[PDB]
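Take a look at the structure below.
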Amino acid sequence: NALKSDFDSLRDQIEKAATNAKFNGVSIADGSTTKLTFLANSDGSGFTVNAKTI
Amino acid sequence: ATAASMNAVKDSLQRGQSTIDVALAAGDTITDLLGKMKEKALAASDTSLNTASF
């Protein structure tokens, strides 16, 4: 029972740590969006970075 | 009389020069503002911005 309780607590702590991974309202690890695109030229060309849910 | 009438021609040419000079000054202002607007559109094109920055 003690091992099971520690397992549950660590699972909840992972869920919380994954929730808090944000930078100025956006995140690439919590699964909030499929991908993020960043500028690569003055023409508006993107830098696609597919999100990796953790 | 034909030779003396050239003064009005020169005056009109000078007035046209002044008009174009004012137009070029305004055009320089407009080009600077258009460059700033290009930079704003480029910055807002990024999808990682939060609502407030957009």
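Quick note: numbers below take in every heavy atom, side chains included, and nothing from hydrogens, waters or symmetry partners. The sequence lines fix the lettering, A, B, ..., with proteins before strands; numbering per chain opens at 1.
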Check [X] against [Y] and note the closest heavy-atom contact, atom names and distance.
| X | Y | answer |
| --- | --- | --- |
| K35(A) | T48(A) | CD-CG2, 3.7 Å |
| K52(A) | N50(A) | NZ-O, 3.2 Å |
| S27(A) | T33(A) | O-CG2, 4.2 Å |

Under 3.5 Å, which donor-acceptor pairs link side chains of residues 24-43 of chain B to any protein atom two or more places apart or in another chain?
from	atom 1	to	atom 2	distance (Å)
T29(B)	OG1	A25(B)	O	3.4
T31(B)	OG1	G27(B)	O	3.3
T31(B)	OG1	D28(B)	O	2.7
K38(B)	NZ	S42(A)	O	3.2

Notebook entry, point to check: Where the side chain of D30(A) meets the backbone of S32(A), is there a donor-acceptor pair that is under 3.5 Å apart?
Noted result: yes
Checklist line | Test item: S5(B) side-chain N/O and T2(B) main-chain N/O as donor-acceptor pair under 3.5 Å | finding: yes
I need the [X] [atom1] to [Y] [atom2] distance, nearest 0.5 Å.
| X | Y | atom1 | atom2 | answer |
| --- | --- | --- | --- | --- |
| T47(B) | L49(B) | OG1 | CG | 8.0 Å |
| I20(B) | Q17(B) | CD1 | CD | 7.5 Å |
| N1(A) | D6(A) | CG | CG | 11.0 Å |
| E15(A) | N20(A) | CD | CG | 10.0 Å |
| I14(A) | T19(A) | CD1 | OG1 | 11.5 Å |
| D12(A) | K16(A) | CG | NZ | 11.0 Å |

Check: Any side-chain donor-acceptor pair under 3.5 Å between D46(B) and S48(B)?
Finding: yes
Checklist line | Verdict with reasoning, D8(A) to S5(A), per side-chain hydrogen bond (donor to acceptor under 3.5 Å, both in side chains) | finding: CA-CA 5 Å; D8(A) 302 346; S5(A) 296; 5.4 Å; no
Check: For atom CZ of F38(A), is the number of surrounding heavy atoms from other residues, nucleotides or ligands below 6.0 Å larger than 12?
Finding: yes
Next item on the list: Determine whether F47(A) and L39(A) fall in the same hydrophobic cluster, where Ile, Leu, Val, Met, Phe, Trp and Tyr are linked whenever their side-chain heavy atoms lie under 4.5 Å apart.
Entry: no
